[PDB]
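Read the single chain below, which is given as structure tokens and is the form deposited in one PDB entry.
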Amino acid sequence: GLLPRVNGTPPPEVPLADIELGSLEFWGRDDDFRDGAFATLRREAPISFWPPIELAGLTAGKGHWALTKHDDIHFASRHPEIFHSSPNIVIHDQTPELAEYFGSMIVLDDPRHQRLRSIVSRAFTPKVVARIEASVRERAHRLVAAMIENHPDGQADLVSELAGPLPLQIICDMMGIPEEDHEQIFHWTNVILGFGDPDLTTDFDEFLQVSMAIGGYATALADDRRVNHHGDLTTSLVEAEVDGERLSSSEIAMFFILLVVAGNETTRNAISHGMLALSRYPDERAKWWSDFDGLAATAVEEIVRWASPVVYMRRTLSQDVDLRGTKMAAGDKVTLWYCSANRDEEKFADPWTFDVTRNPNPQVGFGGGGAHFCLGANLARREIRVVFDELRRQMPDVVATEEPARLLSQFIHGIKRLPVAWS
């Protein structure tokens, strides 16, 4: 990066009185402050109740109980009957009438959840998976090679040229989406991901129109595969069946919309954060680059722990709960701070060390476990592995050259711009 930081440096002590999770100012602070704040919560107030971020002039919603300890987050995850994912998994849903439209299975509880997830899982047939794995390698290889051909100067923004496009190109390939439609899908996806960001001034009207357009695209794509079988995920989604239940084109479209967010910005930020850490801790980059295949599993897992691309997921209590002697009421919101669990001193030795050999690594960046456990976790690990493999092969000395431009977000640990250079 630019800022010298010794591997293993703990975050500053942040006094409890200085932590305001309900403050947009809090989420704009650097990671050192945020990590130190969650370190304080874990030690002094591991379960605590916060108001949601108020966007002045817009409805804010009711507050939430922050779970900051790995054990609590794991417990909440493994009890979806108490900690519901319906109505939604963000602190405050700005379009609650569209919660299932954008959320597909992630906003569902059982039995609806298990039915949808089972049928979707069935669609990942060996032939479809093999195509996905080939796509991961091909797209990573192509995007890194193109970075080189597009930048004779040896510098680029990792996010725009690689971390951003790779996950979405992979989702497009698995849905069987023609190369010519990539620009449209990219534009729609970026408007959706960009909505609400201070700098991307997209209005709600454009956001809705884009949201319906990409849904209509996906329904049309699904409908085409009902007549024209192909070896893509879309066809296997239309053909998959569990206990006689099949997916409508509308349900497939909502799952696609989930993927272009949940399968996309997450992996993007894992990659960018992994690049930043491998840049800040060059001994870890040397270790991995010296034994790439042998260390890939622990290196990737450590990148996910380190990045925690999903900062939190929200649950809603169906029943009163008591735990760490803290009474939480039925109907209360609960938030699972993976960013905090992934630094929990009770679970990880040397939590502040980015260690590509880390083992064990019970990181919950894909969630605490249980029913909603990241459907694409293995795909994400593969994308991470392969993209760093292609960087190792084509530009082994690539390094971040500047601190990243951070996404202002409570939900996504986002990097907007990560300058890199290579020789």
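Numbering starts at 1 and follows the sequence shown. Just so we're on the same page, rigid core means the largest C-alpha set that superposes within 1.5 Å between forms.
Not on display, but discussed next: the form deposited in another entry.
In the core-aligned comparison between this form and the one not shown, the C-alpha of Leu98 is the only one from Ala156, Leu98, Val90, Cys339 that shifts by 2 Å or more. Core-aligned CA deviation for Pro111 between this form and the one not shown: less than 2 Å. After superposition on the rigid core, the Cα atom of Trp289 is displaced by less than 2 Å between this form and the one not shown. Core-aligned CA deviation for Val227 between this form and the one not shown: 2 Å or greater. Note: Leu247-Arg382 Cα separation is 3 Å or more longer in the other entry than here.
The distance between the CA atoms of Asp93 and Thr266 is at least 3 Å longer in the other entry than in the form shown here.
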